[PDB]
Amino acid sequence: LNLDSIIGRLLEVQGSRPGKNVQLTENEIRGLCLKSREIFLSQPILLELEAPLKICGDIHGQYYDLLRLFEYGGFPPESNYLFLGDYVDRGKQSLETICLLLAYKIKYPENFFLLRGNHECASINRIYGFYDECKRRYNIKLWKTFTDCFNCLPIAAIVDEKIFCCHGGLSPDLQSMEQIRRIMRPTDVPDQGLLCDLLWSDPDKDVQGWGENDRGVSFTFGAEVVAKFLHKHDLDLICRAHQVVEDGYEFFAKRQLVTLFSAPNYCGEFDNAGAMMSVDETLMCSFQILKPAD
């Protein structure tokens, strides 16, 4: 697998013109999937990470924005990264997006990390774009290759035993971190349960405890739930993504939880910014933002 050649070609379009494709060969993409899948299975499903590092929320195929993020935070290995999921669907270039991320995971396996988002799931892909992108630019078999790789993505990460990170949010079934560690891979995302909640739940200012989620799956949770969770697990923060927030980032429950969304100009109801959070050695937070197209 000529990783460096793949990376050079992916990065080659930087500055060329927003929207220009990078068409890797199916064998190259297959290689990225198989090698990264191997690494994913080899590392914990619940990642134990160290700061400083940069954390990114949803990308959703906005390849040129991913490039802007790396330009801002420093292209690997200039900085450690943790992506919270949702690499595909919606955007115009999910293929280039997921391919660069998998390439960097293989390249810097101890300094680059990717968590599973609710969109790294076959059924959702069929509806939101990735399936069609793969069918058009490659073939359906390659899409299956991607899903097998997705089925092995880690589910959560804890930065220096204080910051709990996952794509969606908390789960009413999450009593112990060992429950997460017990989750076996490969696996698809179920319709209910811990794994489902970690990839689907949302915090809710108006909810007392656990509530029903308008997404038609999982739950919503209140600030008290968060406060209780951090206390019980001796954590300081919950870092998640999943929801589109106008400023690219948004704090919840007296800054006990933060939502990160890294795809700018994604929302139809509003022009959102895309944010990337820098967590320093003392676990202090700062942001690098892609402000909406003025």
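Numbering starts at 1 and runs along the sequence shown.
Averaged over their C-alpha atoms, the temperature factors of 99 to 107 and 153 to 161 are higher for 153 to 161. Taking only CA atoms, the mean B-factor in the PDB entry is higher for 221 to 229 than for the other of 62 to 70 and 221 to 229. Reading the B-factor column for the CA atoms of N213, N139, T147, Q93 in the entry, the top value corresponds to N213. Going by the entry's values, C267 shows the largest Cα B-factor out of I39, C267, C56, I29. Among the modelled residues of its chain, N118 has a C-alpha B-factor that falls in the lowest third, as given in the PDB entry.
Among the modelled residues of its chain, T282 has a C-alpha B-factor that falls in the highest third, as given in the PDB entry. Sort the chain's modelled residues by C-alpha temperature factor and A253 lands in the highest third, per the entry. Annotation for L11: C-alpha temperature factor in the middle third relative to the rest of the modelled chain, per the entry. Sort the chain's modelled residues by C-alpha temperature factor and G193 lands in the highest third, per the entry.
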